[PDB]
Each structure stands twice: as C-alpha cells, then as structure tokens.
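Protein chains in written order, with my numbering: chain A, 1 to 359; chain B, 360 to 735.
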Amino acid sequence: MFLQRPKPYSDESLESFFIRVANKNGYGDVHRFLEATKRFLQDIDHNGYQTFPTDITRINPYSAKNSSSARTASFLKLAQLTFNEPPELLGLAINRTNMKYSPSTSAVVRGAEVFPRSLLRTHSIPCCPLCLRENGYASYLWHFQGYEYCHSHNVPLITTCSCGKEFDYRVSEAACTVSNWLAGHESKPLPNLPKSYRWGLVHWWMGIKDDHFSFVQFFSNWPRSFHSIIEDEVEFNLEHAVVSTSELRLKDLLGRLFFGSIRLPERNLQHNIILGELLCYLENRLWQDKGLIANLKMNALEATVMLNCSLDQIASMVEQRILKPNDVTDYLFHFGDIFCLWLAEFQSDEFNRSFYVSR
Amino acid sequence: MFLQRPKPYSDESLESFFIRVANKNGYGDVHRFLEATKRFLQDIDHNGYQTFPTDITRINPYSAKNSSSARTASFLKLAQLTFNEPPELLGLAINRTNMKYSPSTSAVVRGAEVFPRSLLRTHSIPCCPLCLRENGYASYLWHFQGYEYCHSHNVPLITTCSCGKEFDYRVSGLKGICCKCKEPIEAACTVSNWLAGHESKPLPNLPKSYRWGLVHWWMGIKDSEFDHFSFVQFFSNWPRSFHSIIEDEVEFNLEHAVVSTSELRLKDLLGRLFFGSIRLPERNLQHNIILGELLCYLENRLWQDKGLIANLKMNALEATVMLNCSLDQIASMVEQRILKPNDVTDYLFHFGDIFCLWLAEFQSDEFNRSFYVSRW
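Rendered as structure tokens:
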C-alpha cells in the first residue's frame, strides 16, 4: 500500500518503472516488492496471481503463452489502489497483437507503435548512463539520441554506472540522422511518417536486401528512389514468361515488390506513400499493350488482401454478376477487373484514392 | 469525340458535371450526351458499353445493381481520352464500401469521405436556386440528409414551388427554374456551418468523414430525424451531461432488470449504448470519441459492487463483432488456452476476462486504448 510519489515521465520500456520504485525507501533488487506485489495479488479480491513472474526479466506481457490476458489484469490494479495519484502505468506495457506484415513477421504493440519482429535482441545489449533510463534499447538500431560515443561494455572493473545492478545490462555521418528519426524529431530530409511505418519499413529495406550508408542513399533522393526502383525491376522477368510469350501469371511479375509492401502494417494512404506510388507507376500506364498489366492471371485468394474479405463475400459477388467469369485455387480472373470493383464497392475514408497524386 | 473541359470545382456534384459539360457542348438536355457517350464507348469496345445508362439519376456507380465495376472503368476511359487535360473525376464519383454502420446500416464513399445509406435520399433532391443562379454549379452535400441550410448564404433549401411542381437540377439544367409552370424558385444554422470543414466554434471538430457517423449516431438513439436544437444543447454540456445519461441508463435496466443481479447477458445492462456506437465508420477512438468515452466507462467501472460489471455473460460471436476477429480465430484461443472459458451462440465467457484480453491480444495501432489517458 501507498507507494510514495510515482514520479516518472514518458519514453520508458516499463522495466525501470519498477526499478525507480525500488530505489526509494531502501530495498534490495526487486524480488521483495515483486513478491509483495504478487502477495498483494494473492491477497483480497483477485483470481490470477499464480503467473505473475519471479525474476529480473519476464515482467513483459508477451513472455507466456496464455498469461498475456492475466498479466494486463494483474497490471490493472497494480496502479490504482497502490499509488497516490495513479500514474501513467498502463500503455507502457509492450504487449502483443493480432497484426502481421507481408513478409510474415510478428507485429508487436507498445502503446501505438510496431516493431518489425519480436526477435530483435532480448539479451546482451549496450546501455548508457545518466538517464532513467530509455525506451529504445534491446532493439536493432537505437544508439545515441544526441550524445554519441556511448557503447559502454564493461571489460574494466565492476560498478561504473551508479544505479545498483538493476537494469544495467553489461558483462565482463548518417547514423545520427536515423537515430533521431527513430527516436522522434523533425528530420527535414525525411517525410515525417510515424514510428509504426518507421520500423515497418526498416525491415522492408532489410527484407529486399539479402548498412546506414546504404540506408540513406534510398532516402536522399526520396521523390526519385521509389520511382527508379520500380522501373528497372519491371523490365526484369519479361523474357521468362510461362504461357507462350506473354500474359504472365501470378508470382512471376512483381511477385516480390507487390507482395512485400502491402499492409506494413496499417493501410493508411496519408503517411505510407509507398502504396500510393506503387499504384501510380503500375496504373499510370493502364493499357500499354495487349496483356501487359491488366490482362493477366490472378487468383481470388490473393485478391482478398486488397478487397478485405474472409472468403465469405465471394459467394455473393460472382453469382450477382459483378466480376465476370472468364473456384478458389485457380489463376482465373484478371487484375484490371478485380481492382476496379475494389474502387467501386470497397473504399474507405483513409484507405482510399484521394491521398496520392495529384496532391 | 473531343470535349472541352469546364472550370474544375472541389465542391461540385457528379451529376451537375455531366450537365455543365452538356451545356458547353451544345445539348438541349443532358440525356442526349449520355446516348452519345454510350455510342462512343461502343466504338472503342471498352467493357462498359452494355451497361452504360442513358438516364441521369443512375449515372452514379451505386445505382447500378451489378455493374459498378463497369461504371468506374468507363470513368477511367473518359478521363484520359475525350479530354485534352485529365480532370479529377474519381474524387467526384460516389462509390460503395463494405464498411457498415451500427447496427446494420451500409455506407457509401465519395472521394475521401464516407456517407451513410439511411440518410441517402431515394427521392427528389431540393435546391438552393440562387447558388445555381450566381455560381451555376450544385453542391455534393445535397445528396444526403442532415444538410438542411446552406453554409454559404445561410438560406434554407427550397424544395418545391408555390404551386406544387418541385424542381430538381438533374433534368432541366442548373438555371433553377421549373418545367411545367417554369417560374423563378440558430441551431440549424449552427449544424450547417461546421459541415464543410470550418474550424470556428466550440462545437466539436472531427475529420468530417467521421462527423456523418456522429450525425448517424444522433438519429439512432433518438429514433427520429436529426434534431438540431438539443444537438447543440447536448454538445454545450459536453462531456458533463454525457456521463449522466450513461449513468441514468445503466441505473435504468438494472433497477428494472428481469432476471437477477447476476447470471445476465450484457443485454439489459448495456442494451443500446454498446450495440449502437461500434462502427462509425471505424473504431479509431481519437476520431470518434463516442467510443473513446464509452470504452472509458468500460475501463474505470470494472470491479466495483463485488464484480457487478465483471459477471456480464457473453457468447462467442460478440468477440467477432467487438474485437474484429472471426469464429475460427476464437477456436485458436481455446485450443492454445489464451482465452479461458467457464458453439457460437451459447453464453460462456466473462467481462473482466474479455476486457483484459484485447489489451493483450487484440490491440492494433489504430484501435488503441491509450488515446484517452488525458481525457478522464
């Protein structure tokens, strides 16, 4: 009862929140208060105390297969009746979600922001002193945020940083722009897209390349780079057609570019201008030849990623004679007819047409 | 066919554009242009030559029962061939959507704005004739209910004549004068002047695609037309009188509950407050704060009165309605034990169990709960 004066500010990965309430009043590590919490959960009016963790790690609410729904309920009354002025506690929890990306990477929600994959480091991370402490470490690329040359791996003697071995993970120029971009600033050479799309497209550059100087060369010519990468890869795989010479089926014509940039992770056309510009170069040139873009072979399974269906509306659309039959697994229909009924009967307010060119 | 384009306007309706391009190309009436356009689509052999309408009120893509794909594809061919400079016509078109409104109302989309279906006028549309007399082009706000007064001249929309023959601009042309007789034709003013995007009065401001859902929410609760006087009065005492009506209605069906104080469904404890404010048009509760404060009441009032709110019984398909999932994904929650139970229709789950479930498994970047941490 009555944890005196919850102080803190934003930008924290919730692990030092228990450390900052540990350094008050005189207490060793966090095993006592962490037992006295789960003892208080074992106390009055509670049902899910058995799975609240024991160690330095695992306070994370995705570390168990099925105590995810028990950890947030544990975290519900862990702020209200144990703090004077109950602080911003909920929302700091790095949860899991139902979302994915196109390269089949697991999405993960912190409070509004999505990391590329729930794999990144989880162990043996660098750390810098004189804050309390950070939000952004235990990740791939978040190093300095203004003050540089701070890696701090502890080859010399014990207790360099003055905290008390709580978080303290230590064992015995283009990088400054991207570090300020992932921490959140103005970043004048970059088009100011939010952190769900910031980390959402770092893996999109990591997925197609299989590198901070190779990072910023794609962003120094940002109104030219995506238009140049789409025009030199469309001439690839044209002499390798499958039927006779043309009318190429699925997976062979832009099967990597189109199936790698859709819903990463949210379907907004205001910020994710990749989806609007790939729609531009593919459909500023609608009918070039007989069977070049529109007159191709498409399937209804890869059509519901744009149409937003669950294979239940197709039994009421093709029998109502909107999409003319020219069947679930065959490359039957065409790209030009499926996209146009999407524009005619499957629009939205933010996932719509009136956000790309012309501005 | 070579056509000269008129001056573009962002607030011009779709039907009036075919009328004002029939005026500058020498037509007596506008239906003669629709017959010549169908002949032009027949010559170029584009797929819309079977179902191109020669009638003015069915030129919209939602009027076609099965040829909306043939309608907008012909809109793409006319935008790039018969004009010297391509105009913006897809923003002028009115296209359907799969996103529904509460409880079962469909919706339609024009440009970057989603309109309701129950407010769509299936009858004759009124007119402000002095806008047709000075400017000559009509507005797109006349196609849907709620927009009663003009936001530019503060004058009411005149529906019919003094004799009985109503005028509509879709037939005779937009000079504004009838066919048969052919004669010259604060709260309501409040709800007029923050529809076209005007950000000046303390009535609440939304991206006005979401605002029509706020108009549609007012008609579903009151079960009448979109009232204007109490609409200003309800938002003048915002958000103080909102939570009182929430409190007086959860007191209502609990004082007059039929079964008991427990073993109840969430009907007759949240009957119309929960099922009538879900999808307007999306649950992004920073925008539609009618769900951001409803799900604020669902957070701060969980575990009082010996779990009176945490013993509301639910079935399986309410998770498909609320939490945006399917019935097959619920069976994955049972086999790998993330959801713990205690068939689709049978009532088996619990409320404090399901509220802490979607903060851990069913929270997207758009559908967050952190968006109102500074409101309560």
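Note that beta-carbon positions come from the ideal geometry of N, C-alpha and C, so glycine has one too.
Cross-chain neighbours of residue i in chain A, by beta carbon under 9 Å
i        : result
B:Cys655 : Per Cβ cutoff of 9 Å: no residues; B:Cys655 is ~13 Å from chain A at best.
B:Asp724 : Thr97, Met99, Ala107, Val109, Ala112, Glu113, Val114, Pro194, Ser196, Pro265, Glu266
B:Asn727 : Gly91, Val109, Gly111, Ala112
B:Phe721 : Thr97, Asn98
Chain-ordered neighbours of residue i on chain A, where CB pairs are closer than 8 Å
i                      : result
B:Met578               : Under the 8 Å cutoff, chain A gives no residues; its nearest Cβ is about 20 Å from B:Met578.
residue 760 of chain B : This structure cannot speak to residue 760 of chain B, because chain B is shown only from 360 to 735.
Contacting residues, own chain, Cβ-Cβ under 8 Å from residue i (five flanking each side not counted)
i        : result
B:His602 : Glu652, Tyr656
B:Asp702 : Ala675
A:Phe75  : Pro61, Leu89, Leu90, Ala93
B:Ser685 : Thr679
A:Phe18  : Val30, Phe33, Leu34, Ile59
A:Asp252 : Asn237, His240, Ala241, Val242
6 Å Cβ shell around residue i - same chain, five flanking residues per side excluded
i        : result
B:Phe399 : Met360
A:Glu113 : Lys195, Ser196
A:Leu89  : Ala79
B:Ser723 : none
A:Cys176 : none
B:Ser483 : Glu525, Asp527
A:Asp11  : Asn135
Alpha-carbon spacing of residue i relative to residue j, whole angstroms
i        : j        : result
B:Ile605 : B:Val618 : 21 Å
A:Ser261 : A:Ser102 : 7 Å
B:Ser422 : A:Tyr49  : 58 Å
A:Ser16  : A:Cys131 : 10 Å
A:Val108 : A:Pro265 : 10 Å
A:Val178 : A:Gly111 : 21 Å
B:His405 : B:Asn443 : 19 Å
B:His390 : B:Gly532 : 11 Å
A:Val305 : B:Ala429 : 22 Å
B:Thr620 : B:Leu671 : 10 Å
B:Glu694 : B:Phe708 : 15 Å
B:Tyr368 : A:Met298 : 38 Å
B:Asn513 : B:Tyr506 : 12 Å
A:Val216 : A:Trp204 : 14 Å
B:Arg529 : A:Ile273 : 38 Å
B:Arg642 : B:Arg728 : 11 Å
A:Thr82  : A:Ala73  : 15 Å
A:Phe259 : B:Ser372 : 37 Å
Where residue i meets chain B, residues with beta-carbon distance less than 7 Å
i        : result
A:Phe144 : Simply none; closest approach about 26 Å.
A:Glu88  : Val732
A:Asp337 : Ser428
A:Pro61  : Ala719
Beta-carbon proximity list for residue i, same chain, < 7 Å, skipping 5 on both sides
i        : result
B:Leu661 : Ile668, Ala669, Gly711, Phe714
B:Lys397 : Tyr408, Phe411, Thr413
A:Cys150 : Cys128, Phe144
B:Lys383 : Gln363, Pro365
B:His646 : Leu565, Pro566, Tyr569
B:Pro446 : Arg364, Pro367, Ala438
Partners in chain A for residue i, counting only beta-carbon separations shorter than 7 Å
i        : result
B:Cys715 : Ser69, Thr72, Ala73, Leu76
B:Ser685 : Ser310
B:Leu650 : None at all; the shortest Cβ gap to chain A is about 16 Å.
8 Å contact criterion, which residue i and residue j should meet: CB distance rounded
i                      : j        : result
B:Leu644               : B:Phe730 : 6 Å
B:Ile544               : B:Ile517 : 6 Å
B:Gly450               : B:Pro488 : About 26 Å separates the two Cβ atoms, so there is no contact after all.
A:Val234               : A:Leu254 : 7 Å
B:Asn425               : A:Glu345 : That pair is no contact at about 11 Å.
A:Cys127               : A:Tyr137 : 6 Å
B:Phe588               : B:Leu562 : Not a contact, Cβ separation roughly 13 Å.
A:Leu323               : A:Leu307 : Their Cβ separation, rounded to whole angstroms, is 10 Å, which puts A:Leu323 and A:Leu307 out of contact at 8 Å.
B:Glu558               : B:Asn564 : 6 Å
residue 365 of chain A : A:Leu182 : Coverage of chain A is limited to positions 1 through 359, which leaves residue 365 of chain A absent and any answer about it impossible.
B:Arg638               : B:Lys459 : 6 Å
Closer than 9 Å at the beta carbon, the chain B residues around residue i
i        : result
A:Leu332 : Those within 9 Å of A:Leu332 in chain B number zero; the least Cβ separation is about 16 Å.
Residue i Cβ short of 6 Å to the ligand NAD heavy atom set
i        : result
A:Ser358 : Looking at this structure, you won't find the ligand NAD or any other ligand, since it has none at all.
Under 8 Å by beta carbon: chain B residues contacting residue i
i        : result
A:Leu190 : Those within 8 Å of A:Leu190 in chain B number zero; the least Cβ separation is about 20 Å.
(request) Output the residue ranges of the beta strand (DSSP E) runs that lie fully inside the segment 149-227 of chain A and measure 3 residues or longer, sorted by chain position. (result) none
(request) With a floor of 4 residues, list each alpha helix (DSSP H) that falls wholly inside the segment 291-324 of chain A, ordered by position along the chain. (result) 304-307, 314-317
(message) Extract the residue ranges of the beta strand (DSSP E) inside the segment 53-86 of chain A, only unbroken runs of 3 or more that lie entirely within it.
(response) Fully enclosed beta strand (DSSP E) runs of 3 or longer: not present.
(message) Extract the residue ranges of the alpha helix (DSSP H) inside the segment 444-502 of chain B, only unbroken runs of 4 or more that lie entirely within it.
(response) 488-493
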